[PDB]
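**Student:** I would like the atomic coordinates for the input below:
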Amino acid sequence: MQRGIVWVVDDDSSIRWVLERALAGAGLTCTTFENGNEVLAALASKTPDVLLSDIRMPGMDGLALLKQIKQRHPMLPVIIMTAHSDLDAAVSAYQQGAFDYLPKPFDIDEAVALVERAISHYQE
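**Tutor:** Numbering: from 1, shown residues only. Please find the structure below.
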């Protein structure tokens, strides 16, 4: 097992409480970060089974996070809420290990939905 470690990157607090408790009900560890760069730093000492990134503008709209993820982590599955402009970095993400991208829907329902299916498909 995996113990099931889910890491999320978004505004924290609000996004943390919603995804933490809900994901906690699933039986996994849900931790959140400031935006994307944070997980990168924390990842230097740990690797979650599933990673969720908010995409809103960090450095490269949001896909920038993926780039850093592949540099430090090898194939850490990432889940982005939106793919706005620069889908290019999104594709490379899947190569490095990204789970996928969310078109329009999101919220916890679709987010947690896409996050759980990620850990499940991995298992194994």
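
**Student:** ok, and for the helix of greatest length in the chain, which residues are buried?
**Tutor:** If you go by DSSP state H, the chain has its longest helix at helix 107-122. By neighbour count on 16 or more other CB atoms under 10 Å, the buried set for helix 107-122 is 111, 112, 114, 115, 116, 118, 119. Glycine gets a C-beta too; all of them are placed from N, C-alpha and C.

**Student:** Quick one: residues in contact with stretch 97-112.
**Tutor:** Identification of contacts with stretch 97-112 by CB atoms under 8 Å, 6 or more residues apart in numbering yields 18-19, 22-23, 26, 50, 52, 66, 69-70, 73-83, 87, 90, 94, 114, 118.

**Student:** Quick check: end-to-end length of stretch 35-51?
**Tutor:** This stretch, stretch 35-51, spans 12 Å end to end (CA to CA, to the nearest Å).

**Student:** How about stretch 80-89?
**Tutor:** Stretch 80-89 end-to-end distance (CA to CA) = 11 Å.

**Student:** Just give the nearest non-adjacent residue to residue 82, would you?
**Tutor:** Leaving aside its sequence neighbours, residue 82 sits nearest to residue 55 (CB to CB, 6 or more residues apart in numbering; 4.9 Å).

**Student:** what residues are up against that neighbour?
**Tutor:** Residues in contact with residue 55 (CB under 8 Å, 6+ apart) are 61, 62, 63, 65, 80, 81, 82, 83, 84.

**Student:** Would you confirm that the third one contacts residue 96?
**Tutor:** Put plainly, it is residue 63. No - look at residue 63 against residue 96 with CB atoms under 8 Å: they stay out of range, at 11.5 Å.
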